[PDB]
Amino acid sequence: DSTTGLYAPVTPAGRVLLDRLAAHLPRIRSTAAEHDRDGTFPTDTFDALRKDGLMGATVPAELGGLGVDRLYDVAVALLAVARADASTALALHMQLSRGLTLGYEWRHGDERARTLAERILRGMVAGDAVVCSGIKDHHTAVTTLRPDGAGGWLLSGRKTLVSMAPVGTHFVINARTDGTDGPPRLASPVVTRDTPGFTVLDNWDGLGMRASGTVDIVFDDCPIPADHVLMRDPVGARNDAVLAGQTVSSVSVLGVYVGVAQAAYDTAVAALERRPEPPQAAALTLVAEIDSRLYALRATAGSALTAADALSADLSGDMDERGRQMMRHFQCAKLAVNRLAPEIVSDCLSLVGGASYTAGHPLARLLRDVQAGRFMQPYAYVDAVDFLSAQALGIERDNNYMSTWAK
Ligand SMILES: Cc1cn([C@H]2C[C@H](O)[C@@H](COP(=O)(O)OP(=O)(O)O[C@@H]3C[C@](C)(N)C(O)(O)[C@@H](C)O3)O2)c(=O)[nH]c1=O
């Protein structure tokens with residue numbers, strides 16, 4: 001019955017998601033070290049989740065999905081998976097996040113939007129759609145959509161860091177229009193794996209998250225129909241209202257780092273309890289410091305998730321304010337998660353001692369994986385500080401990171 005600290009799902013659908021996942025932990029857990037050493041994606045893990053209905057966990061119930069719709073419960077499930085393997089959890093988050101955001105498109109967007117959403121969502125439930133996300137351009141390229149002169153579009157460019165890509169059937173891509181007449185827009189084409197000119201590379205070589213499939217994808221004159229395109233707003237047109245969607249789509253990933261911290265602790269404590277001698281002064285002191293820091297990490301992520309779910313559900317008010325507040329809870333918590341979670345994992349290696357310094361020890365992988373959140377937008381630390389200090393001091397700024405990137 002816990003409602004804090006991400007200790008338990010707060011809804012019956014979240015409870016099912018977590019009980020169902022339990023069945024896959026032994027596989028996820030078992031191929032973790034091999035996939036980390038090789039830098040390869042656990043495709044058999046994802047085949048099993050697909051067949052089990054789990055890749056449709058956040059599709060509305062109305063469409064055949066489990067209907068998990070709390071970010072809190074997604075975070076709880078991701079925390080559980082990340083305790084078994086962080087890379088799998090991170091890949092799964094892209095899919096569960098999409099269930100939530102496509103859900104929103106389905107209930108609230110225009111007819112093109114609702115129709116695309118509904119078709120992808122039903123595919124997610126069926127095990128036919130595995131939806132990847134491509135936001136950041138490779139340095140060599142600016143990803144653009146140009147009119148084909150015939151109703152549809154041609155997508156050229158390259159995205160870097162596209163987790164789950166080796167198994168993705170659908171790729172939601174951040175692109176800017178060009179060669180029309182409007183000021184450039186933000187646009188989200190959806191590319192299917194068999195679109196021509198679309199290539200999935202195999203160049204993911206990570207410090208951590210080595211098994212997350214986080215490769216580049218290339219678009220070369222890719223034909224995209226007009227109705228497979230979610231049009232966004234003009235580049236640099238400031239509406240804080242977009243911040244809500246950008247909170248929905250990443251905030252629950254915080255649970256991955258909370259689970260990595262939890263797994264480091266569980267490992268350290270199991271290591272101490274397996275020892276002949278009674279723990280030393282500094283070992284007892286570390287264990288209490290980590291117990292407390294893990295509690296604060298869980299409560300800070302749990303609390304922002306709770307708040308986000310409440311702000312998310314309320315569409316009655318000022319939508320710009322809703323956006324600002326969502327992003328505020330998310331980024332205040334993220335900054336804390338990105339300091340507490342690596343520090344907890346690092347202190348656990350102090351408890352275990354030099355055994356943790358061999359490539360194969362579980363802590364050695366958790367130390368590497370736990371750093372990943374520091375590099376995920378919105379926002380990495382340097383950008384988080386510009387956003388938070390602007391909010392705190394009421395400084396007007398373009399808070400859309402993709403809008404900025406398009407500049
Ligand atoms: C305004 C609003 C939008 N939305 C939704 C509908 C839009 O499709 C979406 C726009 O969000 P967003 O602009 O974040 O786009 P996205 O396609 O989700 O991309 C993200 C990028 C990220 C964070 N790196 C990720 O890879 O982890 C993945 C999973 O996706 O946000 C809401 O759910 N609630 C809202 O109140």
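All residue numbers refer to positions in the sequence shown, counting from 1. One-based numbering, in listed order, for ligands and for the atoms of each. Both backbone and side-chain heavy atoms feed into the values below; hydrogens, waters and symmetry mates do not.
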So if I count the atoms of ligand 1 from 1 in the order they appear, which ones are less than 4.0 Å from some heavy atom of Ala244? 36 (O)
Could you tell me if any non-hydrogen atom of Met402 lies under 4.0 Å from any atom of ligand 1? yes
Among all protein non-hydrogen atoms, which one is nearest to atom 28 (C) of ligand 1, and what is the separation to 0.1 Å? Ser133 OG, 3.4 Å
Separation of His24 NE2 from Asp44 CG (nearest 0.5 Å): 11.5 Å
Just grab all the side chain to side chain donor-acceptor pair (under 3.5 Å) pairs involving residues 118-130, residues at least two apart or on different chains. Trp106-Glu118, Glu118-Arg122, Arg119-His228
Touching ligand 1 at all, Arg322? Heavy atoms, strictly under 4.0 Å? yes
Does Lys136 reach ligand 1, in the sense of a heavy atom lying below 4.0 Å from it? no
Heavy atom under 4.0 Å from ligand 1: found in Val248's side chain, backbone, both, or neither? side chain
Indicate, as side chain, backbone, both or neither, the part of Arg98 found under 4.0 angstrom from ligand 1 when only non-hydrogen atoms are considered. side chain
At a non-hydrogen distance cut-off of under 4.0 Å, which region of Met376 contacts ligand 1 (side chain, backbone, both, or neither)? neither
With heavy atoms of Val172 as the reference, note each atom of ligand 1 found under 4.0 Å away. 17 (O)
Determine which pairs satisfy salt bridge (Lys or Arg N to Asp or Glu O under 4.0 Å) with at least one residue from residues 260-272, sequence neighbours left out, and list them in order. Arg83-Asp266
Out of all atoms in ligand 1, which are within 4.0 Å of some heavy atom of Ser250? Include the element for each. 23 (C)
Counting only heavy atoms from other residues, nucleotides and ligands, does the tally under 6.0 Å from CG of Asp202 exceed 12? no
